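Participant: sequence and experimental coordinates follow.
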Amino acid sequence: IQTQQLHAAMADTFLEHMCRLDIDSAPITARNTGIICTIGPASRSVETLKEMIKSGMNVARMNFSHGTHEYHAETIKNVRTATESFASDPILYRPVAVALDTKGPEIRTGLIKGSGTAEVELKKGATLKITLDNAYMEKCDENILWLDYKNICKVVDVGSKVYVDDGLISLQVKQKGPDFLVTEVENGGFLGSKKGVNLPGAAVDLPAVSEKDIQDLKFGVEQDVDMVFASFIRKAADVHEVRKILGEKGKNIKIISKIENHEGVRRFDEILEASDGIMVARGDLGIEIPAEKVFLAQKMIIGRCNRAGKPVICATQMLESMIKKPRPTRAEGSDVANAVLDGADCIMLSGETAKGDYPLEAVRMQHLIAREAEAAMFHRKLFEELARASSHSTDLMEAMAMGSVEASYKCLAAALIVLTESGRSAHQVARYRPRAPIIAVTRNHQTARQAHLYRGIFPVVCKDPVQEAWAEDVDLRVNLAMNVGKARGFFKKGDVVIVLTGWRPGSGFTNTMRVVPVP
Amino acid sequence: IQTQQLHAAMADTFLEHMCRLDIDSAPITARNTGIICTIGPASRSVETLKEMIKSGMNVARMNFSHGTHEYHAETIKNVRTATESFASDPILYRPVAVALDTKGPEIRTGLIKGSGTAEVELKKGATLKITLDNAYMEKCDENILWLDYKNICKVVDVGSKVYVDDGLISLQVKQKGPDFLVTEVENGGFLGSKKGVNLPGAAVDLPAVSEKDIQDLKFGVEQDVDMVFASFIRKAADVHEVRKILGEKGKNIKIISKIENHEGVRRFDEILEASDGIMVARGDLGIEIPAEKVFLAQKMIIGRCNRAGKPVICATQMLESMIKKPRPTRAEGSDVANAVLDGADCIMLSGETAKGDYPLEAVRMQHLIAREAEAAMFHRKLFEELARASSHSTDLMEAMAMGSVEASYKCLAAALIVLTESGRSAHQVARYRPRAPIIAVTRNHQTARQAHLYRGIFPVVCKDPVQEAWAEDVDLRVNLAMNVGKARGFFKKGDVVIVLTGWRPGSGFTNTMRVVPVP
Amino acid sequence: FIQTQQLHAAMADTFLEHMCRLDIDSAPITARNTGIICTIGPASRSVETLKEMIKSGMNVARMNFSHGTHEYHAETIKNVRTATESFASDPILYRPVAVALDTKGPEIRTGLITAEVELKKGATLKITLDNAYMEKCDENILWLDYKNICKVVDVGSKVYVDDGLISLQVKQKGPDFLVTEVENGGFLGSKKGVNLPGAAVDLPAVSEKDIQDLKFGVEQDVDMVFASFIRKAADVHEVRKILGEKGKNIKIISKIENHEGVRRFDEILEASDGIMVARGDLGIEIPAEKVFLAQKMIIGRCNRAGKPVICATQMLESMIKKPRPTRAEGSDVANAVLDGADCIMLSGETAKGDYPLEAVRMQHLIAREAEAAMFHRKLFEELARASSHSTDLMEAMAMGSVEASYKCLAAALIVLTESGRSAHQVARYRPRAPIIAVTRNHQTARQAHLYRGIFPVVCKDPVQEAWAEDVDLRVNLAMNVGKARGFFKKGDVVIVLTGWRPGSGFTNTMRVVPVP
Ligand SMILES: [K+]
Ligand SMILES: [K+]
Ligand SMILES: [K+]
Ligand SMILES: [K+]
Ligand SMILES: [K+]
Ligand SMILES: [K+]
Ligand SMILES: [Mg+2]
Ligand SMILES: [Mg+2]
Ligand SMILES: [Mg+2]
């Protein structure tokens, strides 16, 4: 039985490829899809973060919808402590990236009257007044609900829908006036304190970057984070604002725009152009637009990001049930698998790792599934179609990448080794979706941390001093990658690898491609 | 904005098709994917069943893992009372099929402390003894557990793993005995009464069709059920055994083989050949094989069923969170959509409708997602590859079906109308995956109920007597489909449909095809 | 602006769309990839005419040993080499010219009647092996010299006489005679050729004369042999045997000439260095309306294998007497290039016709246009698919380099190679851009003409002590040749394939390099 779904890889049609998928075809050791974990009370201790890393976490997400700067600074400190506890062994060290996820223009309710834990039942057909009068800030109940969007009355009409608490409760505006709204409960439920509110179809006029966001973004620069997940990006100008706040000192932090509302989907092309990457933020997105349509936005967005070679993250509720249970549902395993087959560069966990009872088991399950799905891609067709979509470009690095991926397919190379300081060369290899892992050797630590955004890039930090001669400095970094591949079981002596280097120190990209036996 | 993802439909590559999927592109009214609902305490009343049918239920599944004949007989009676409550308006009446899901070779534990509702806690590392001594079948506790697989000692070895309660708890055998097994708790949890046991990698020698199964199958014949879902089918001879029990009296009942263990996957080709259809039974499957591999067998099974033209059902945990919540997770939305995109003829609900708090909402959600996903198929490529896979066959009805589908693509027909008594001609059209609905007019009531197994066949029962002139009997039945299509909003006057009919009374299949404007 | 090189058609999605986009106003590139093989004879064998042949595009000089003495052919070869080396003054413009020997091959011939006799349809005719009649052939009795004929023909079989003019049907079989009913009549002369359509002829692979002529080719240091009438792998093995140790590097091109050769093609191809579709004799053996089937089948399977394939015979036939070809002949050349032929050939057009240089020049012009009109992206995909069972390392370099050449529209692929193997593997994957193969082996350079797209460049410089210097020197030589011939100019991009170390064994290093 061929490994790595290689029988299916030889099919002539998508249907035949599907019919050849084999549960007894073992996947390879390397996992190409990056795993992003939201750190929270369930996973922010150093002891647990170490296990998070060993289980496969590549990026730690800090969710600034909650928490003080002091709280997040401590979480970040613990991540770095956990990560550096492994720098003893340079060959086995895994870099770990740090992401800041902005609050953005959120609408929330106030506190339920009584003591903190209270909940009121919103009954179907009952009426409920929404007020903006701060007098009710802390005495919400089933008759009057306060929220913090002072302009809501300007952007909703009679008939508008208001969704509350992750979309579980839906209200219809029956009467307006300024300072308040009268609504009817359509879908009831129990309501607690400080729940999120969505206004689908309304034109919310809160700023993309608020005063709080600016402070959090400045805090992110001071904490040396690697990337920002920008909430509720609606237009390119929103992205430009975030980049301005990060300014000169933060110019190398990647901006990932979260698509989570209708306008974001409508203006997707211009948002992608302006961004370093994209997150399919399915939670809000499935409230803002009909839930049955999210898969359409997900597949469209992943495809266009693959087309452009920009990282795309699939997020939210992938293993939701594992917040309470140690194994996922069948829908959840299928969801992770299909995000990988869709082409997602990374997959994400939120409550599963932030507050769940089984954060490690959830990480491990994403690792297992991603590997199975990675072998099940139809690489030959994917490569042809990606080459087609980019054939207007004659860029020399793209040519080097395509020739290298094509060579790697032909001789079934165990890996592609790429020497890069900005990461650009390795990003262009990943964009053409080789089957084998890309071992990217860099002396630039930020480049290594940010490489987890790209499917298949296994970053390796070189800490050796620069050698006197270029040939020796190149050979030094190539053999580091050989030793890393061996130690992790990506390949053994006598396997074949593709090696991409610069001919001279002044080559501006990896213009040299070799097919090399592993020593 | 073209409707029905028709812009994506005009794409040259899969990637381009993905990039063109548009959440603002309206799907058509008709939903092609059948919906199978498990009936239970939450869905068993006549009044609830009427809403189930209005929400989109096409097949009622009776799960014979539980309940007496008297109980299921009453359920079937209610389903038919509900169904026939709509016969007053023949143009809108919808056939509902009844399916019998066998218990099969299940393994179950006994009663905790004599109680159906009691639970004990199994802690990791504790000892736990499995006995077969019937003295303990109602005296399970945290020290001693009874189960009903008499030969379990024969088929398991020291070291073998044992899974309990939908695989949530795991034990490892440490010592064997004549009628007991001493084990250690590996994955702990709370253990209730009469829970399922799985023995992955064990030569379980239970009959495929037990003495209880034989009773249930003959009860199914008496109750005039339309189909049998056979549990744990391992090989073609298992199907033959089921077909034998159903006998001559039950020869027209479709046998759907449920694939839910490793052997069923390995022997799938012989099982498909012997079965009328297949169910991907993902619950047990993801316990019998590694859960991260289930998507592989799902896609392989659906593809091979599509190839053969035989109905395939995707089942289990598709909308699992809706047992307790009024809207699904994002993984559940994605799971349903991807099953439809894989090619599943039917999707199923189990706990969501048998016992959940939101059975109607679950059915409506499957309906909405299916419609969206059916338009998002890549019909032109699917047709080419289906045709390629079956090109060794020169069957005349396949020729008519492929020509009719091709014609329906070319002129964007609103429907295909197919006159059939056995269903065969309509099934051959369904197999080549038209975009438009297939209105199958038949005078055989059972053929109409069984048509729900096939993607896109909307059955219509003609109750008029056979006209003495063949041409007029054909016209009467085609005009019936015209009126039903108009009343249901599948098309309007001036739309175009493909019409498949027999040239003479003795034609054995629809050898005549016309393009016809709707009057 | 109109894209050159049929690059608009190149971007098409389907073959039909590619066809609909071919553009008479889209100019081809300067470099011509399809080799031209010219038969040298009385019309073309003076040194001064051979100089013009080379200038006009000839890559391979074919000597047809169906006629002429060793002395005659030795002088022709000498004239070819005298003409070739007259350009060796300038190493940047020197073109290698290869020498090919085409064997007479085994034959079946009739006896004597210069008398002529008319056979009439429906008449009876007896074929005898009795030497009594060897010089007494007439209306009723015909002698021929193939003494095993009765072993290989059946009742109902056909016997063709004089390049297919006469056809007979076997009605009765004797132990040493055949009675036949003349189907196609005509006038029958003396010592005429006989063909046995569909027969498994047991004639030797090489005749006595062929053995003498092959040994002569080894003494003359020819680059390749065109072996007539190859019917099975054992025929090719026999030719390699006669070439012996001194000629073990001479390439053997098998000529497919009859039914058995087509039917056993796979085994012949495995055993041969290359293939010639010998359409003249082929169309006498099989029905003329089926030759294109065999031609396309053979070119396809040779392409699949990466072995050279030549399209031969009557391509520009009318130019024997006329200074311009017919439209059927223009089409025929273009379609052979589109089919995938590595080389196209001229026989009488250059050996004896009135317009030998005109024919060479027309083949050159047609090939450049047809080379641009191939559907490279599809061809590459289909060649990749057919060879995907192989994981060979040099194919992977070839495929990645050709792929890189498509993506960045490289002006050329530069390959350093001593055996040529690395360049052959690049040619096999059909880049659009020319392949400049720099070699210090003069025979590799002459033999490279058999492969589509390889422009051989002979390096005459001593080996530099430092490997990096030796590689630079040879890459620069190719840079200089490319600029002088107008294949590229400063600022263009080329793919360069080299060995990492002297012992690398193949070109395991690929670079994208700007033209300096
Ligand atoms: K956030
Ligand atoms: K780089
Ligand atoms: K069951
Ligand atoms: K029928
Ligand atoms: K000859
Ligand atoms: K070589
Ligand atoms: Mg959000
Ligand atoms: Mg089951
Ligand atoms: Mg001949």
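Facilitator: Good, I have the coordinates. Numbers count the residues shown, from 1 in each chain, chains lettered A, B, ... in the order given. Ligands and ions are numbered 1, 2, ... in the order given.

Participant: make it CA atoms for all contacts and neighbour counts henceforth
Facilitator: OK.

Participant: contacts for stretch A:346-366?
Facilitator: With contacts defined as Cα atoms under 8 Å, 6 or more residues apart in numbering or on different chains, stretch A:346-366 is touched by A:33-43, A:51-52, A:55-57, A:311-320, A:322-327, A:336, A:339, A:452-455, B:292.

Participant: just the helices in the stretch 151-300 of chain A please.
Facilitator: All helices of the stretch 151-300 of chain A, identified by DSSP state H, counting those that start in this stretch, fall at A:152-155, A:211-222, A:236-246, A:262-266, A:268-274, A:282-288, A:294-308.

Participant: need those in a markdown table (columns: mean neighbour count and distance to residue B:356).
Facilitator: Below are the helices of the stretch 151-300 of chain A laid out as a markdown table (neighbours: other Cα atoms under 10 Å in any protein chain shown; distance: least, Cα to Cα, whole Å):
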| stretch | mean neighbour count | distance to residue B:356 |
| --- | --- | --- |
| helix A:152-155 | 17 | 36 |
| helix A:211-222 | 18 | 42 |
| helix A:236-246 | 18 | 43 |
| helix A:262-266 | 19 | 32 |
| helix A:268-274 | 19 | 38 |
| helix A:282-288 | 23 | 22 |
| helix A:294-308 | 24 | 24 |
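
Participant: give me the residue from the stretch 1-150 of chain A nearest ligand 5.
Facilitator: Ligand 5 sits closest to residue A:12 of the stretch 1-150 of chain A, with a gap of 43.5 Å, by Cα to the ion.

Participant: check the secondary structure at that residue for me.
Facilitator: The three-state assignment at residue A:12 reads coil, by DSSP: H, G, I helix; E, B strand; the rest coil.

Participant: tell me how far it lies from residue B:350.
Facilitator: Taking Cα to Cα, to the nearest Å as the measure, residue A:12 falls 37 Å from residue B:350.

Participant: do residue A:447 as well
Facilitator: 48 Å.

Participant: which residue sits farthest out from the middle of chain A?
Facilitator: What lies farthest from the middle of chain A is residue A:177; by Cα atoms, centre = their mean that is 41.5 Å.

Participant: isn't residue A:200 up against residue A:287?
Facilitator: Yes. Taking Cα atoms under 8 Å as the definition, residue A:200 is a contact partner of residue A:287 at 7.3 Å.

Participant: helices along the stretch 351-500 of chain A, start to end?
Facilitator: A:351-354, A:359-376, A:379-389, A:396-410, A:424-431, A:445-450, A:470-487.

Participant: tell me which helix or strand residue A:23 sits in.
Facilitator: Element membership of residue A:23, judged by DSSP states H and E, is empty: it is in no helix or strand.

Participant: ok, it touching residue B:293?
Facilitator: Yes. Between residue A:23 and residue B:293 a contact is recorded at 6.0 Å, counting by Cα under 8 Å.

Participant: any idea how far ligand 6 is from the nearest residue to residue A:403 once chain neighbours are set aside?
Facilitator: For residue A:403, ignoring the flanking residues on the chain, the nearest one in space by Cα to Cα, 6 or more residues apart in numbering or on different chains is residue C:400 at 3.8 Å. Distance from residue C:400 to ligand 6, counting by Cα to the ion, to the nearest Å: 16 Å.

Participant: do you know how far residue A:67 is from chain B?
Facilitator: Going from residue A:67 to chain B by Cα to the nearest Cα, to the nearest Å gives 25 Å.

Participant: do residue A:57 as well
Facilitator: 18 Å.

Participant: do residue A:437 as well
Facilitator: Look at residue A:437 and chain B: by Cα to the nearest Cα, they are 20 Å apart.

Participant: and residue A:418, by the same measure?
Facilitator: Distance from residue A:418 to chain B, by Cα to the nearest Cα: 27 Å.

Participant: ok, that residue - contacts?
Facilitator: Counted by Cα under 8 Å, 6+ apart, residue A:418 has contacts A:425, A:426, A:438, A:439, A:440, A:441, A:499, A:500, A:501, A:510.

Participant: re earlier: any idea how many residues pack against the residue of the stretch 1-150 of chain A closest to ligand 5?
Facilitator: Residues near residue A:12, counting by other Cα atoms under 10 Å in any protein chain shown, number 14.

Participant: backbone torsions only: list them for it.
Facilitator: phi -90, psi -30 (degrees, to the nearest 10).

Participant: report how many residues lie close to the residue of chain A found nearest ligand 5.
Facilitator: Nearest residue of chain A to ligand 5: residue A:410, at 40.9 Å (Cα to the ion). Residue A:410 has 24 neighbouring residues, counting by other Cα under 10 Å.

Participant: equivalent analysis for residue A:66, please.
Facilitator: Look at residue A:66: counted by other Cα under 10 Å, it has 11 neighbours.

Participant: same check, this time on residue A:465
Facilitator: Applying other Cα under 10 Å, I find that residue A:465 has 8 neighbouring residues.

Participant: now residue A:383
Facilitator: Residue A:383 has 18 nearby residues by other Cα under 10 Å.

Participant: verify the stated contact: it with residue A:431.
Facilitator: No. The criterion here is Cα under 8 Å, and residue A:383 misses it with residue A:431 at 9.4 Å.

Participant: returning to that earlier point: give me the subset of the contacts of residue A:418 touching ligand 2.
Facilitator: Among the contacts of residue A:418, the residues that sit close to ligand 2 (Cα under 5 Å from the ion) are residue A:425.

Participant: just send the contacts of residue A:418 back as CSV, with neighbour count too.
Facilitator: Formatted as CSV, the contacts of residue A:418 follow (neighbours: other Cα atoms under 10 Å in any protein chain shown):
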residue, neighbour count
A:425, 24
A:426, 30
A:438, 29
A:439, 25
A:440, 29
A:441, 26
A:499, 23
A:500, 29
A:501, 23
A:510, 24
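
Participant: name the nearest of the contacts of residue A:418 relative to ligand 2.
Facilitator: Proximity to ligand 2 was ranked across the contacts of residue A:418 by Cα to the ion; first place goes to residue A:425, at 4.1 Å.

Participant: that closest one: what's it in contact with?
Facilitator: If you count contacts by Cα under 8 Å, 6+ apart, then residue A:425 has A:397, A:401, A:418, A:419, A:509, A:510 around it.

Participant: rerun that using 10 Å as the cut-off
Facilitator: A:397-398, A:400-401, A:418-419, A:440, A:500-502, A:508-511 (Cα atoms under 10 Å, 6 or more residues apart in numbering or on different chains).

Participant: so which of those is the closest to ligand 1?
Facilitator: Nearest member of those to ligand 1, counting by Cα to the ion, is residue A:440, at 30.6 Å.

Participant: wait, doesn't that closest one sit right on residue A:426?
Facilitator: Yes. In terms of Cα atoms under 10 Å, residue A:440 counts as a neighbour of residue A:426; the distance is 6.5 Å.

Participant: how near is residue A:468 to chain B?
Facilitator: For residue A:468, the distance to chain B (Cα to the nearest Cα) stands at 47 Å.

Participant: what does residue A:11 give?
Facilitator: Applying Cα to the nearest Cα, the value for residue A:11 to chain B is 11 Å.

Participant: please apply the same query to residue A:71.
Facilitator: Distance from residue A:71 to chain B, by Cα to the nearest Cα: 29 Å.

Participant: which helix or strand contains that residue?
Facilitator: Assigning secondary structure by DSSP H and E places residue A:71 in helix A:69-84.

Participant: right, and the helix or strand after that helix?
Facilitator: Counting by DSSP H and E, what follows helix A:69-84 is strand A:97-101.

Participant: report all helices and strands that that next one contacts.
Facilitator: With contacts defined as 3 or more Cα pairs under 10 Å, 6 or more residues apart in numbering or on different chains; DSSP states H and E, strand A:97-101 has these neighbours: strand A:34-38, strand A:59-63, helix A:69-84, helix A:211-222, strand A:227-230, strand A:254-259, helix A:445-450.

Participant: cutoff 6 Å now
Facilitator: Here strand A:97-101 touches strand A:59-63, strand A:227-230, going by 3 or more Cα pairs under 6 Å, 6 or more residues apart in numbering or on different chains; DSSP states H and E.
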